[PDB]
Each structure stands twice: as structure tokens, then as C-alpha cells.
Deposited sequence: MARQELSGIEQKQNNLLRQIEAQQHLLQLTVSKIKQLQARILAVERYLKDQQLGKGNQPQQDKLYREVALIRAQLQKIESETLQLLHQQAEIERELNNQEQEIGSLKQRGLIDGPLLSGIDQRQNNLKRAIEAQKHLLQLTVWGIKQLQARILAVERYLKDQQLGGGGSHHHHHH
């Protein structure tokens, strides 16, 4: 009866992993873009500027998107963890009437997910900072 819930949660984790990996890829792409922009600036050389400011604007836009997505993923992680807790409770009180390895695996999965998501958010913060620095540099 509860196996259905566990399976549901499992599939939800799978979806979460999909979305997460997508986010990661997007972040690495944006990483490359910023790097290019920085490398341009370090060089010792008015439309090129326009192109540059354009690039930075679009970079910003992409960052914003990624941040939004990541917020979504965070919230869905919270949901998954709520469900996990409810399952913990349900299995706990069902010790008056093993498959505990199941919720063990679910726990380990969600934990790994959480950690990876934290690293994601960290990376995002780092790109944020970089773009901001480039943005204040170009502002001069």
C-alpha cells in the first residue's frame, strides 16, 4: 500500500535529477560566456562596446532564468523531503502491524540531491558575483 508512495517519490526524484542536470549544463555554458567576456576585458585594444554590453545583458538574463529554475528545484526538493518525512512517519507507526532499505535508498538519494543542489546554488552565487564585477567594470 505504501510502496506506491515510495515509487511515486522515486519517479519524482528522477525528474528532479533530470531538471538538475539540465540546470548544471546551463550554468557551465554561462560560465564559459562570462569567461569569454572577462578575457576580452583583460586585453589591450563604438559598436564593439554595444555588442559587449548586449552580451552582458543577455548573460544577466540567462543567469536570472537559471536562478528561477533553481528556486523551482529547491521548492520541489522541499516537497520531496516533506513526502519523505510523511513516509518516515507512516512506516514508523506501522511498526506495530525488510523494505526499510527502500526509504534508506530514498533518503540517500534525496541527501545526494540536496548536496548537489547546494553546490549548484553556490556556483550560481559565484557567477552572480563575477557578472556583477564585470558589470561594475563596464559601468566605468
item	value
Where the deposited sequence has no C-alpha coordinates (positions from 1, in order)	1-7, 53-57, 110-118, 162-175
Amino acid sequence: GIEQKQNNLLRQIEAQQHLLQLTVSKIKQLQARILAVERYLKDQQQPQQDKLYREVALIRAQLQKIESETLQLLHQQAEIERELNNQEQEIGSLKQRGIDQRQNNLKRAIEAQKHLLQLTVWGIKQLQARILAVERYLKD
From here on, numbers count along this sequence of modelled residues.
{"property": "Residue stretch of maximal mean CA temperature factor, 130-138 vs 4-12", "result": "4-12"}
{"property": "Of 35-43 and 73-81, the stretch whose C-alpha atoms average the higher B-factor in the entry", "result": "73-81"}
{"property": "Top Cα B factor in the deposited entry, candidates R54, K114, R97, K28", "result": "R97"}
{"property": "Third of the chain's Cα B-factor distribution that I66 belongs to, per the entry", "result": "lowest"}
{"property": "Third of the chain, ranked by Cα B-factor, where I110 sits", "result": "highest"}
